[PDB]
Each structure stands twice: as structure tokens, then as C-alpha cells.
Amino acid sequence: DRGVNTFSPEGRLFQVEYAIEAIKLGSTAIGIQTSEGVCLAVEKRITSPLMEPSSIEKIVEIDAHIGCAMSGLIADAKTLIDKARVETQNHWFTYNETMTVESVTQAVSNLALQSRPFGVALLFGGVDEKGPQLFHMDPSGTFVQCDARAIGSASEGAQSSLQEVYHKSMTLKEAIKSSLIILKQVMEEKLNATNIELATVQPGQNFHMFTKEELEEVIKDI
Amino acid sequence: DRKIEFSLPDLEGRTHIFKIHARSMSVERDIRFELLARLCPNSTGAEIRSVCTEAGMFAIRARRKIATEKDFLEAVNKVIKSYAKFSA
Amino acid sequence: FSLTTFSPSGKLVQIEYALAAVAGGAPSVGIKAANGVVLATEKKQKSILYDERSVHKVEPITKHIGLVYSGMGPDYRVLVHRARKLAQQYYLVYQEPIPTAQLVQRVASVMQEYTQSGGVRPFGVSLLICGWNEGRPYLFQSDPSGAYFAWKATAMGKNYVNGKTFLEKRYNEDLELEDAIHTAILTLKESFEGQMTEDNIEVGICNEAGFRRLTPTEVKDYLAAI
Amino acid sequence: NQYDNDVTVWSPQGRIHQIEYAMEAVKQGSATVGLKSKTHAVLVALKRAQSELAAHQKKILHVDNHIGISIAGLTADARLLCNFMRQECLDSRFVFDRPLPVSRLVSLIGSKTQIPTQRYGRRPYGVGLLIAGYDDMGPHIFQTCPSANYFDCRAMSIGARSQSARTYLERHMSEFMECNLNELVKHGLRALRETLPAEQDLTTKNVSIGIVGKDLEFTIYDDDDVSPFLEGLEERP
Amino acid sequence: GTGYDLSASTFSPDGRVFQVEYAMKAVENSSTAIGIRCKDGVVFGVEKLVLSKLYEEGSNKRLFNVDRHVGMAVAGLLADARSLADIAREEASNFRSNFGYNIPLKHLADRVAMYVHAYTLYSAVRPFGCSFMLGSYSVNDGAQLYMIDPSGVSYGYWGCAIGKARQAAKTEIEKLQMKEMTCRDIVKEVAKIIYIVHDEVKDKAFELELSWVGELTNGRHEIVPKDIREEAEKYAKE
Amino acid sequence: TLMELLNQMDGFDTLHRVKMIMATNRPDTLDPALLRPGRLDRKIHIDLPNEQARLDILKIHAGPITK
Amino acid sequence: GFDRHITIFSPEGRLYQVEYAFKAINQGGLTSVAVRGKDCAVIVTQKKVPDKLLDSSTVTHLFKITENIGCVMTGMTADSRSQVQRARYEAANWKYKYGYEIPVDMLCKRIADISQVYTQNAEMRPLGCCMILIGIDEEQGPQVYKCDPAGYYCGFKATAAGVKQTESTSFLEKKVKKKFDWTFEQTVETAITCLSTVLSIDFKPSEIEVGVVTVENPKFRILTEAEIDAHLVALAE
Amino acid sequence: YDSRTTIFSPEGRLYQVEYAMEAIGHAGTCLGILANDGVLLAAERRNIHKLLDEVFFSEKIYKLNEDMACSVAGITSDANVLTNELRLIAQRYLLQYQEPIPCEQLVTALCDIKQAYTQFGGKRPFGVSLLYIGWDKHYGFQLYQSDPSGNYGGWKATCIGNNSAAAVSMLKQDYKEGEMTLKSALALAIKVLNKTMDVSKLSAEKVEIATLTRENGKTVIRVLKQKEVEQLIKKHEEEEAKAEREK
Amino acid sequence: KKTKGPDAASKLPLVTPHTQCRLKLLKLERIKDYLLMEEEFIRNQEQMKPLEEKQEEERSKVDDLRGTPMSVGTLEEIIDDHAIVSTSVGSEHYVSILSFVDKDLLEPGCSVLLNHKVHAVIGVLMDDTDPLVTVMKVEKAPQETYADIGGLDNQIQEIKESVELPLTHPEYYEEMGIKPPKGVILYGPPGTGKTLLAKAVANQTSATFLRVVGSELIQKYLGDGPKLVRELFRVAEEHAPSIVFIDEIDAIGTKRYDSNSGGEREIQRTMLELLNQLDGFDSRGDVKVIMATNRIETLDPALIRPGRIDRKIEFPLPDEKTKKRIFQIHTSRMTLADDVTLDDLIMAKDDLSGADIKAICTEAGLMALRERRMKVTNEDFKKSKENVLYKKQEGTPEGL
């Protein structure tokens, strides 16, 4: 019914079926986990030119070896990303090593529903001893390992396209172009560098911004 | 007796519904309509008829009555309206 | 929610219903005379099975503060217990002021836990307070939601309207001696159905010497020659 | 229907309705079976996959060397129960250095889940638990429903279309005590395979196995670890 | 009811608590039970419906041991019944820790009944959906047996029954002549009464959980030896 | 509801030729407050017929039967 | 609305919840009578025992709150026992805080204050049990009081509670209006004949349980079968 | 279960707070006028039943601090607790800083507490709006009006009562800054009170007025007693008679 | 029971100046002269008769057999020769009419005459003048045209294309074999919406028009809100194919109310009957349903889908030029001033809609007529701004 805790008469409590469909109002984001690394592509969707593009960010580095892409209420995603950073730093401080992306996703999932549930979906991606990994976490405190995931308003179409354009033995160079051509097909405008953000994951590199308006070398090919 | 049901079109059902609907209009089957059939999971036969309806409306909007070889425009209008049905 | 609540646009509907409840039926007149204050009320027990020396309507909160009330006696008990505790706390804090009339205003003000923190359901009793430790008497009324009114003469019963009309027509006045209790009994008589007797009518008096609940002997003495 | 709105309220016809709805949370979940033996307890869980790109999610959760659980239902308040059971088993380890017997753990879980069924504003834990443990009295399989009424079972299954698996287990439960490890695991695999529609079939990627035995601590077998058990499937979808 | 039967804190227009009036219905619907005070002890007995043969030997047993000499035979919503059994165990342990010795059955029943009444008094919490007999024996106080309804109070019972068929059991219970019959024949007779009550006429096969307390067990409420009471079940069958 | 018929006793018993016979099954639970003077009052004992009544009613039952 | 559903003041200026809770006392099918006398105070209530499988030893509605105060309860038995336990706790706590034993009027006042707190607020509900407590008080003679689910504590000489409480009160009003003091034979006989006229079963000396507190003999004597039988024989003479 | 309304509107309005603020206009009548070397408050005595004794010595005007005084126009139940809290805040500031609290800071604290009351929790908004007159070292004589919305305003001539619109219109028409003095401010206040109270020739009992003046390094808050008030009334009556007859 | 009405009125609304001038004078003289000549024509034709032929063969055969006494009753059924007529007080007659029979005008459920005595139908009253049960075609084909509203060129072109896909070029998608009755979903600020009507009059220049505004949350057990509109659009197909303007009920009557069950039964009935009628696979006809609202958010997902309800159109606020045009249109009838104070009233204005423009124009004339009566009141230059303030925009205590 309307109660955040009461179950539905059929099978599954409501108001969490309502929180999950908040990536619908959220913006599109796609991530590919390849053997080379993890490619995280989002779109900023600036509404007015006066707003600084640097201000609007959907991808934030939780740590040097974990990057996260939000899709939904950026307000709730700020809290979730802050908790992810705090948990990663606490684990590193306790055990003097790099917390696994799976463990970070598990902690975020534990904190997701414990207050009305958070209405954001995160795409965690980072390197670990088990190679590069990517996880799709969902507002209803549920996380799943994924290799090529899409999320946002057009999650269905983007995921369907990714399902047939992805192959198990791809590299970063093909992954970025596939994600960008998909994004261009999903969005309304073109994939200008001021509107598209990209995040790369490397086994021997920290996850930095994609070349910062010198990334046109990856959109001119598109 | 004999309670039966369906209303669950799979890929083969959806593409056959595409074929019978494409029997109408000025379309032909050289279009890769299997791609759109994959793109809509369980889109009834009602929405397939709507999608063929939309493809006709896009052809007249372009003012080209041709639709046998108008396949790229067929695919474009079908995909954009599938986007709008899912999210408008 | 858990306080005095239910206030719509320009109204206090729950408080108004509480005031409809305190309309009651116990007249409980009060008169502020020059020498002191008289709080008289009607104890019309159902049948003769009940007792009149068992329960009382007039309660001495402290040495010279007396209290009478209206409908919802069970609420009135808790209220008078709270008032006794509050007066005792004030006297303990400000030690030995013999605080009655410099406290009657203060105890009436501290009757804010009375209603301003209603307790989900507001109290359903309006109470008259008398004190005379200032060289002058004091009669105050606290209602289920308001505050001190500082009356000179009023009633809070089923016929409180015509009781107050009787009080003003009979000229509560200012030169009246302490024995305006005759006029208080007359005002009760108007809102009384029966041959009122000593146990039927309970009255307390608060003069400058102190407060005292008149025993049935003096109540019957006053009721004689009426 | 008014009386079905809240957990606290009681239906005039008898039992309350919110708890009855809570059991539909475990009905609406991927199937899982769990069977005892003379010496081993085996859980066969259907790892339900979102899409071919995404993984098949995680089932058969790990609790301790001698206890392992399989969830079926609302995954949110299921990792919570897993944390509670892990914490209780570790508390027992810490206090008297012995594995917490499974029956006491199940009683603790039932008591813990009973309170939300009576406290206002608290939804019942709509999670179906198939606890496999090896205490000193041989293997044990327990089913915990959101109604907080646990059960002991020779072989029980929960999930979508789990009634067919229940019937197969019942018909073959006579020959369960005297079965080799692989034989019992194949019994469970046949039981789970009978659950999904004929189009679906067992794969190394969509199944998980939890085995606990006298000398074998609880182990979660999957694709490479499952393939030796998956051989000799006797496929009749 | 309609409007007044939503929370236990809401009295009926006639002055009744419909939440408990409905909680009694769950006990009326669940499987039955019986407890008889024999001459020197108390004998319990409960039929339990094996809803599926997938279950092992008798589990989630309607009988419970709340203390060394005290046993609880419960019927109704079984999870809340187990929680209440845990409450009773904690109460007995606390009494033993504070006042020493063993908790008298009348006081234990009174305390658990007061706790149940506390749970039915308020609004946020709901009345317990279970009714149970507490049976105990000691040399000093003989054998006592108190039955607690989902909202009512403990009452001394020579013989009591609860659950699906209370009247049908009670008729033959009152037919039986207690107060002079030893606990052995009472064990035979309680199984006889349970088998007289319908078991498979509309339901599945039922298991016979029977309990003991008495001088034959020097207190020490324990489940009857089922291997040797299978013959008692056989006599019940005849 | 029986007390309602009880206070009906002032239904002009002088004027009205109305009586009320209470054919209960067992007089065990009959609200003994309803057997005081002014209540139903009189009770006549009827039980299972004795041997004499049994043979008499067998005779009258066999009366219509001529064999 | 919810004026008649929660403990809130009605728009007409009434409190319907306690008005219902009082009728709750009438519900349950029982009556009790209390008669104060010249020197003693005796109370009697019927003992409705359905079937003899119950223990007539413990089905009582009268209790000792302390060594000199005895109560009789009317209404729902669970709330009755809760209020009896509360009264016993209050008596013990008073004896601990203040050396002298708690006067019966003060105990009734405290119980009425608890009930008034219950009718205040909205989380809890009033207890549907009216308690008549008696006891000998020095410089006061026998004392009888009644606390009700509202918080109005009063009642004296002759007071009754239960289903047919009005008829008993009317008869006792007739008796007390007849100006003659009752000794420790007339008080008991008056109570017995009052309850018998209320419910004419002629009161076989097993279906009532009478409590007595005299002045020369304190304590709450729950008179045995022999004593009630002797009083009944003396009355019906 | 019942839940209170501290929420918005489909448009985005706090209609509960708005209704309370409008209800403040209903019942009560106070006005504050600021002049040089003296600031004064005028209050309308609503109930003048002859059966009172007037021993509280003040009903609308409340002395809240050595250097300030307020006047409520809302429900008296909230008015009492709000005045107590205001005095407590002022005296807490005096304890902390050993200096009389500036009027603006006091008003900001009170409006903060009212904003909290309308902001969080299932608590009713404080249905009371009150004026404040006071003097400080920084700004001298100041007048402030705060509504239950918690949005106070620094005024110099305002009314808060039932006919507050008519009273403020009369003020605007016959208000002159700078030239205004204490005596002319009293004349204006009595004139506007006579305008807003329908019964002409207002009795000194139905009007309660208090003036704050600055003596030699000390703030004196004198409530004008009956004789002084009716002498002001007599002077006003003389002025009215002269003005009417001279035409 | 209703097919058409005699449209012999609205004599040439195109009075070009609409202001008193010689041209408008001369146009009216031509209008009146023609009225004189038409009346003279018909009167001379009816008076100077073509021929005098007996009793026009009327009184000889039919009139006498019809008889003097008559009574009227509804006609119920038709059979090959007789006719089945339900006359007054529930009488039923099976008679063959042969005198003055007009079978086309007879029709079931129509008022016919009964000659008494030998009760036989003898005539019919085609007027009848009581088809008053549900009347929505009374305002059909409104006279408002494109020129009444300006500055909305993009929307006018869009709606015109969406509704001139039929009528004009129907073979276009007849060959494309789709026949989509998609209709148009109109957005727009609440300050507009009767323009959602004004832009609808562009299509109302062709065929008729039906309106359902406010309707109800069809609590009616039969429902039949959209179902009766379905019958009325069927009547529209019988007539010239009309459009259905359901502004504000596509919003409230079809709300994206997000509860599922126990929801006033409109969510069960109204939305489900709306998409059945909006799907071309169920009902034919050139009827185009214009769903106009001011709350785009409450678009139900069934209404959201362009697959069944295509041609989403957004109505924006007027721009500077649009404000100039609408102010020109509304003040054209009143001759605002000779100084033409046009741009000062709109240059700094923002969020001003058509209803506000009409209101300020009317109030400007009202204030001038109040006391400033000066024909083209020289005060109008600033009084137009005086009444363009007019307060009344929005008012809500302070909250600031």
C-alpha cells in the first residue's frame, strides 16, 4: 500500500518498488568491465551553458582503485559516495591494504536500506587481485557483479545494445568507442566533450579524468 | 472448460507479427525487422501494430509514400518510438 | 500530537470540546470578598449509598490556598496533586516566605503544566483558586486551556451563565464583608435542585488568617436562616 | 480490506494477513533445495541471473565452517539475518570454543524474527532460509519462513515453482540416508532441475552447491567445482 | 466491529476488546491439545499435524520445557508461542536466581499471564496468538495445571483442552474420572482422547507428543519415552 | 429477551386470553431468576416415558395400523 | 472522526472511551456486593464456575492486597489480575516508604490515579475492571471504596458492581434507608439476601465467595464453605 | 494513526502556517509606534467584564527585560510560554555577556524558536504574533513585529490586531517621522485606537498603553495608569471638539 | 434523433472595418438591400403562383383522411407494411401509414400523429423539439477561426498538420495502411488552456466539435463517461467527423494517480476505456481526440505512450512578439489610443498569458468607462499599465 514497511498483498513490499524506479528519472550511465580495465561513461546533460560543466559530475573516485558512477538523485548519491569513501578508508587504515571493490559494494549495499530508501543506482568499477571488476548496485540495497551494465532513463535500450555489441575479450580502446556510440544513440544531443564524462580503470594506474577536453581523440573517431 | 492464455510474444512470435503486419502498408521484409523485434521484449501484438502504425506515420511525415525500401527510416522511427513508449 | 493540539484555521476545536465538557454540572461558585474568598460547590451524590466525608470537592493545596473545580473529577485529582507538588517545590526553593498570595498568582502561572502541556488529551476541569497571604485576597480561575483570569465572582457549572448573572445582579460588590458566603450559597441555590444540606454543600473559605474547609456544622449553620 | 493493512492488526477470521503476505515474499524468489543424509547436508540453489551480461547473483550464503544458509526471497533483510547468524556463531565460538549447534541457532533466529511480527512499524523478515549445518547429531536442514515458525526437514525446497521439487524430494526421500555424496548432490540437482520450465536447464553458471559433512567443512561449489557433480545429470528437463 | 476492531487500545461500543476476540480465533483454528492432572502428576498430550512428510521426526513440537519441573503445551500461532515459551523460561530462571528453589506453578502462570495481558493492553503491540497449559508437580504442592488463553488469565484445571476441538475433547475428559487414576493410565487415556478427536477425517496423519511430570519422575518434567509409549498409542488406536 | 416477555405480564392478563408455554429441552440452564413468583412459575415434569406410557403410546401408534 | 475510537473528548463534550470501558465491567457476566456495617465490612460475589474441570480453589475474584485490605474484582479477569497486582505493589511500596500500613482510602486513591493516567494519553487504554476494596481503618471503623476504569474513587456503606448492579444498589438503598445498624450477623445476611434477590438461585453455599473484615478481628477473612453455609442456614431460618 | 500537518501544498505553500498567521489577526489588538525619546505600545482590552479585579496589572503588555517590553496578540496559552522563553533568553544573554541583550538579537532568537516550531516534528506552530519595543546602545529605540511564521520585521509604526489594516492605514495617513515626539505619539496612538475601536469615547479601562523612555542612562518602561490615560483621552477629546467646531 | 440543424443565419461576419466608416456603411447597405430583394423574391414567387391546381391535391385526399382530432406519440418499431408506434400512456399501435407517409423522416423514437377513432398514424412531427437527454453537439463547429489567435505559429502549424493528415491527403496513410487516430496531447501553463481551445478552433474550421471538461471521477457504476463519448464520436462519424476536446480531464479524469487499487474506479474504467477508444484497432472514424492539460506530470503511462496517443504538443508562454500580437488583437475592437502605446506594456512583462491579456484589456476599458470616459481616453496610455498591475497575480501571506 502506502506504508514504507507494509508488504504488498501479492508478493513484495511497495515504496521500494517506487524507489527503484528512480533511475528512470535519473540520467543514463554505462560501464564496461574488460580484461584491460573498466570504462565508465556517463552524460552530464547540462541544462544551461552558464553552469560550469566541471560542477556537474556523475563519476567520482571513491579511492585510487575504485571509481563510482551515479544515476539518480545526486543528493542521495553524495551521501552514499561519502559512506563508500569512509568505509574504504577505514578498511585501509585497519588492514593496511586496498579494500576490494566487492567489499565496498557490499558495505554500500548494507548502508543502502537500514529513513526512506535511497533512490540511486551506482556503477562501481576498479582493479583488484581478481582483475578489473564492475558492480551494479541498486536502490533496494542489492548489488550484482556485471561485465557491461547500463543504468538510467534508457537503461533498457542501452543494455539491449550493449548485450550484442559486447564481447568477452575486448580491450579499453574498443570499450570506450562502443560506450560512446551507444551513448550518442541514447541521448538527444551529440557527445560533445563538455557534455560527456568518461572514467578509465587500469591495473597500473589510478582512475583519472579522461584527458579533460583532450579526449576528443575518442569522440572524433565516433 | 479449457482455460487457455498467451499474450506473451517471444522473438519468433514478435517477428511473425511483424511479418503479418508488414503484409499491409507499402513495406517489404528487406528491413531487418528482427532487430526491432529483439529490441522490444514482450511488446504484444498490439504494440507491434502500433509500431507499424508509427512507421507509416513517419513515412507520410517525410512525405514519401514508399516504404518497401524505406527500411532505415523504418528502423529509426520504430526505435525512437520504442524509446518514447518506454520513456516519454 | 503529544501536547495541547488539534488547532485548525482560527480554532482550537479540541480545547472547545474540553470546555464543552467542563460545562459539567457542579456549579462551584466563587466570591472574592474584601476580607477573603469563598469557594462553595455542590456535592449532589447519587443516592445515599455514597459518602460525603469520604471524598471532597474543596482541597487545600497549601496553608491558605484553597481549590474548587468543575467536571472531570478524576482529572481534577491529578491536577490538585500537581498543584500541591508545585507549591511545595516553590516554598522549598524560596524557603519560608509563607507563600500563599504572593504564590497564588505564581501557582496559577505554574498551572501551565496544567494545559500548555496538555498530555495528548487536555484536562477537562476548570478550577478556582483562593489565597490571602498578601494582606489582600485573590480569586483566580484556570480553565482547560487558558490561564489565570483573576475573577472577583464567577461560577463554572451547568447553569454558570445565570449563576454569574445572579452574582452580578446580587452585586458581588467590593465592600462585602467575609460573610458574602451567604450570597455564595444563594448563588448555588439558583443552580441547585433540592433541599441543600450540610453534606450536600461543601464550601471552603480563605481569609487573611488562612484557608479552611468549613465543616458540616458551620455549613449547616449558614444554611439555616436562608 | 482494512484488516490486511498492518502487521499488528488481527483479522476477524483468524490469522493476520500481513504475515500471510510475508510468505509470498519467499514464494516470489529463485528456487532452492536442501536435503539431509546420514552424514552430509547439501543445498542446491538456482543462481537467478538478471541478464546474460550480469552475473547470476549470489545465493547459498556462508555463515561458519559447519553452517551455511540459502536465502529465497527479499534479499534486503537477508544479509541482515546472515550477519546476525554469523555474529551468534562467532559469539558461541568466543564464549565456549564450540560450534553453535544448528537447532539453537534456528531457535535464536525464530525468536529474533518473531518480535517484528508483533512490534508496530516493523515489517516481518520476508526471507526464506534453508540452513544446512553439521552439529554432533549428524547433518541438519532447517527451513525458516517469515512467519518465524521454523521447521526441521529431511529435504525441503523453497522458491518459485518449488512444489514440484518438494514432490520429487518426497517421492525420493526414502533413499536419502544411504547415498554417496555425489549421489545425494545429483538427487538435489534433479530436484532443482524439475523446478524450472523445460526450456531452462542446469548450467555451471546458474547453479550453486553448499556441502557440509562430518570431515568436510561447509564449502560453496560453483561452475568448476560443480561440473564434477553436474556430470551424470540424467537430463529429463 | 468494522470500525472498532483495529487496535486493542480501542474499546468496543459494548465494552469489548475485539483484537483479543480475534486472537482467540487463531487458537480455535490451530490444532488441539489436552492436559490431565493425574493422581500424582500431570500428563500432557498434543496431536501435531505433519503438514508434509518432508519434515523430519517430530519438530516444532507443541510441547516445551520452560523449567526443570514445569512444562508448557501450547497451541495457536507457533512462532509467537515459542517466543512466549522463551519468556516463561526467562521468568523461571529469574525467579530461581532471585528467590532460590523452584518457581511455584501458580506464581509462574500468574506472571506469564500478566505479561500476556501487558501485551494485549497496549496498541503498538498485538495480543499473543497462542493458548497454553503449564503443568508441574512437586512433593510439597502436588500437581498443578494452569491454562492461559491468548488474552485471559490462568485458571486451575483438573483437566483441560485447547485448540481446534475444545468441547469435543472436554466432553470425554469430563467423562474420564481423574484424581484417582495414576499417570500411566492417564497417558494411555490422553492418547485415546486425542485419537477420538479427528486426526485424518479431514486432515493428514498426526503425531502424538505426550509429556510427563509427577512423582514417578520425581518432578523433572520430561517427554514420555516414546518407544515405550508407542504401545500406549496402540491402545489408543484400539 | 425472556425478561421482555416477563414484563409483558401486564399485557392485560385480565382482558387477554393469552398464555405462554415454555417447551425447553432441559430445565438445567433456565436462568433461575425466571422461576420466581411473577416469572414463568409453574413447571411440570416430563421425561422419557415409563413402561406404562411406552406401551400405551405403542398402542395408539398401532391404532391406525390394522394387520 | 475517531471521537469514539480513541481517548479524546467528544464534540458534544463527553468521553466515550471510558463510557464504553464501564460497560466492559458489565460484560463478563458477574456481580458483586459490598456492605459496610456498624463494625465490619463484608463483600460477596458469585462464583460462576462452568464445568468442574476447573479448580474452584483458584477461580476466585477476591484477594488480599495487604494484611488488612481485601478487594473484589468485577470485569475482564486479565485486567482484574493486573490491577490486583498493581494494588499489591502499591500497598507494599507504601509500607516500605511509610512505616504505617496504607489506609484503604489512600490505596483506592492511588489505584484511581493510575486509572486516570490510563484514561489520559492515547497510547494505552483503560482497564475494564472495577475494583471494590474494603478494610478496617482505625478512627474510621470499616471502610469500603470503589475504584473504576475512570479514576473516580468513592463508594461507601452499601455499593455493588457488575451486570445487575443497579438492582442490588436499589435494594441496598432501601435497606440503608431503613435506619438500623447491621451487626456482624445482619451485615452478612443483608449482603447475602441482596445478592440472592438479584439472582435467585437460593445460593447453594458453593457459588459465592464472601470476604469479611471486622474490627475486633482484622485481616481479610475469605470465609470458608462451612462459614458461608452456617450464615446461609441462619439467614434462611 | 493520526499525523500532523507540517507539510507543503501542491502549489508549494505552508497553508497551516498561513492559516495560523491570518488567525492572529482575529482576536487581540496591539499597536506599536516609534518616536524619538520614547517608544510606546497601545493595547485593546478585549474583555472588560465588571467581575474582574485587574490585579495582574498587565494582560497584553509584558515586561520581558530591563530594556524591552512585548505585547502578544495570539492564543494566550502559547503567549505565556513564549513570554517566559523570551525572558529566559534575555536573561541568559545578560548572564553570558554581562550586558543587556540587543533587541534585534532577542527578536531573532524568538523568531528562530518559532521557525523551529513550524519546521520540524509533529508540533503545532506557535499561534501568536507579538510586538517588541526596546532600547539598546547601538540603534537606540527600536520596534519589531514578529508573526507566527517566524519572519520578524523591524517596524516603526504598526498594528497587529483585528482591524490591523485600518489601524496601519490610519498610522500611515497621520504618521510623521522625525517631528514625532512622545506626546504626539501618544496622541496618534489614542486617535488610531479610537478609530479601530468602534465605540467612540474609549474608556481608559478598555485601553492599556505602556511607554518606554530613556532617562539619565537608564531605560524606564512606564505603563500609563488610568488617570494619565484618561487625561490623554480628555486632551484628545478637546482636540477633536476644536477641530470639528472650527469648520 | 438529431442529424443536422438549419444554418440559415450568421449573415456574412466579414464586415471588414468592424468600425463605423463609409465602407462598413456601404457593406451593410448591400447586406440590407439583398435582404430586401430576397424577401421580395420569395414573396413574389409564393404570391404570383406558377399555377392554381385545385386544393394542391392536399384537402382532397390526405387532409380529410388525417382528420381533425389527433394525438402525438412516439414511433417504436418498423415492419414491412405496417408501423409499430408507442403512443401516449403506453399505447402501442400496429398500423400501415399511407396518407402523408415520409418514411425517412418517420424513424424510431419520433413523434407521430394518431387520428383518433380508427387510431392510425396519419403524419409525423419532424420538429418534435425534445432531444434533450445528453446534449454536447449544441456547440458544434465553433465560428472561431485561425485569425482570432496569433503569435502561436509553430503550434498552429503542428496542430494543423496533425489534423490535416486526415481530410487533406487521407490517401497518404491509407496507402501506408495505418489510419491512426492518435489525437494530440497538449501541454501548457495553467494561465492558458482556453487557448488550448483557441488553437483547437483552427481545426474547428472544419467539421464539428465536442467538449468534455471537468466531467467527473466517474463514480457512476455504469462508468460510461468515455464510453458515452465513444458513442458521441460515433455520432460525430455519422455527422462530419468531429474532434473531442477533453482539456483538464485528460489530467484529472485520467490522472497518473500512482495508487493501484481502491482508487475511485476511474483508474480501472476511465483510463482503460480511454486507451480502447484511442486505439485505432477498435474504433474507426476521422475523429481526433485533443487531450489538453496544464499538468504534464500527471500523464498516465497509457496516455504517455505515443504508440497509441502520438503527436505530443507543448504550448509555451507567449514571447514579446506574441504578446504584441495578442494585445493588438484584443485592443483592436476598442481603439485603445491614437498614440499606440504597445511595447511599453509588455517589454518588461514576464509570465503573462492569454487570459491575463484578455482580462487587462477588458479592465482597461472598464476603468476608462468608470469615470475617465474620453472615447480614446488620453489616460489609456498609462491606465493600461495601471490595470495591468491590478494586483491579483498571486497572493500568499509572507513566507519571505
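First chain written, first letter: the chains are A, B, C, D, E, F, G, H and I, and each begins at residue 1.
Methods note: a residue touches a chain if its C-beta (ideal position, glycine included) is under 8 Å from a C-beta of that chain, and two chains touch if they have at least 3 such contacts.
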Co-neighbours of chain I and chain H - touch as defined: none
Between the pairs D-E and C-H, the one where more C-beta pairs touch: D-E
Rounded Å distance between chain A and chain E, as computed from the means of their C-alpha atoms: 57
Chain G-chain H separation of Cα centroids, rounded to whole Å: 58
Euclidean distance of C-alpha centroids - chain D vs chain I, Å: 67
Separation of mean Cα positions, chain I and chain C [Å, integer]: 73
Multi-chain contact residues (two or more partners), chain D: 7, 121
Contacts with two or more other chains, residues of chain A listed in rising order: none
Interface hub residues of chain C, defined as touching at least two other chains: none
Partner chain G, residues of chain F touching it in the complex: 32-33, 35-36
Chain A to chain D touching residues, read off their complex: 1, 3, 5-13, 16, 109-110, 113, 136, 140-142, 144-149, 159, 162-163, 166
Contact footprint of chain F on chain G as seen in their complex: 199-201
Residues of chain C defined as touching chain H within the complex: 1, 3-5, 7-12, 32, 105, 109, 112, 115-116, 138-139, 145-154, 164, 167-168, 172
Parts of chain E lying in touch with chain G, wherever the complex brings them together: 3-4, 6, 8-17, 106, 110, 113-114, 116-118, 120-124, 151-160, 170, 173-174
